[PDB]
Amino acid sequence: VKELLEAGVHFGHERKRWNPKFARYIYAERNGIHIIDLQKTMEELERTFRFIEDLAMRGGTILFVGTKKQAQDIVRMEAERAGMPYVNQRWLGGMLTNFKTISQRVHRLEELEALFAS
RNA sequence: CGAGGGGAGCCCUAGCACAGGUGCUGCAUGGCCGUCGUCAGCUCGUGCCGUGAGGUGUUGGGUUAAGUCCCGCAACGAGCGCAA
Ligand SMILES: [Mg+2]
Ligand SMILES: [Mg+2]
Ligand SMILES: [Mg+2]
Ligand SMILES: [Mg+2]
Ligand SMILES: [Mg+2]
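Numbers in the authors' numbering are just positions in the first sequence, counted from 1, shifted up by 6.
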């Protein structure tokens with residue numbers, strides 16, 4: 007169940023352009039291909055489940071960034087049914103570091119959106 | 001008993017405190033004026049890069065008289081300026 011679709015077809019993305027810190031995962035080339043690994047995907051993926059479960063049941067606002075091209079439509083739907091904040095189009099320049107200015111822009115958003123009722 | 005000690009202030013016969021330069025110095029100052037310029041630029045808070053001056057905001061594309069304001073972009077935004 008948790009390893010069927012992960013093992014069905016999950017290979018082939020941007021080949022012969024690869025940062026060689028990923029080199030311990032590709033195990034076979036046949037003609038011009040580079041295979042994304044499966045068994046280490048299961049183990050590191052399981053470590054990620056047991057990390058975000060134990061870290062996230064306390065009530066952490068676990069944010070996720072899907073700004074590439076086509077994870078925008080999946081982040082934009084899964085974020086409302088998830089209950090956690092998100093980002094739509096691009097990462098804002100210094101979103102966490104300039105949270106004073108961005109958060110006081112949200113403080114402006116708390117009173118500009120109340121103008122519609124008046 | 002005022003035209004007697006004189007009396008509120010003033011006047012002086014002539015004094016005396018201090019005043020007095022359309023002469024330099026804006027190469028000691030405050031207010032100023034002209035100037036580039038009615039072109040569209042100049043700064044600040046936060047955060048990043050860089051040992052640093054500093055850059056990033058204020059870069060690239062589009063167009064307007066215009067830093068007027070959109071897309072991406074480590075930038076998000078404010079103040080004086082084109083306006084009202
Ligand atoms: Mg400048
Ligand atoms: Mg600069
Ligand atoms: Mg720009
Ligand atoms: Mg102009
Ligand atoms: Mg402006």
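Every residue, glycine too, gets a C-beta built ideally from N, C-alpha and C.
Buried versus exposed call for residue i [16 or more other C-beta atoms within 10 Å across all chains shown]
| i | result |
| --- | --- |
| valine 81 | buried |
Contacts around residue i, its chain only, beta-carbon distance under 7 Å, and the 5 residues preceding and following it disregarded
| i | result |
| --- | --- |
| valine 71 | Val93, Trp97 |
| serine 109 | none |
Residue i versus the options, residue with shortest Cα-Cα distance
| i | options | result |
| --- | --- | --- |
| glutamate 50 | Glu9, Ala85, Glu116 | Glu9 |
| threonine 47 | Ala85, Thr73, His16 | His16 |
| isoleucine 68 | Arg56, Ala88, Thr107, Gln78 | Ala88 |
Residues near residue i in its chain [Cβ-Cβ closer than 6 Å; skip 5 each side]
| i | result |
| --- | --- |
| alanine 13 | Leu44 |
Cβ shell of residue i (< 8 Å), same chain only, five flanking positions each side left out
| i | result |
| --- | --- |
| residue 2 | Here the chain has residues from 7 to 124 only, and residue 2 is not among them. |
| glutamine 95 | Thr73, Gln78 |
| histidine 19 | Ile42 |
Taking contact to mean 3 or more Cβ pairs, one atom from each stretch, closer than 8 Å, check whether the segment 32-44 and the segment 59-75 are in contact.
no
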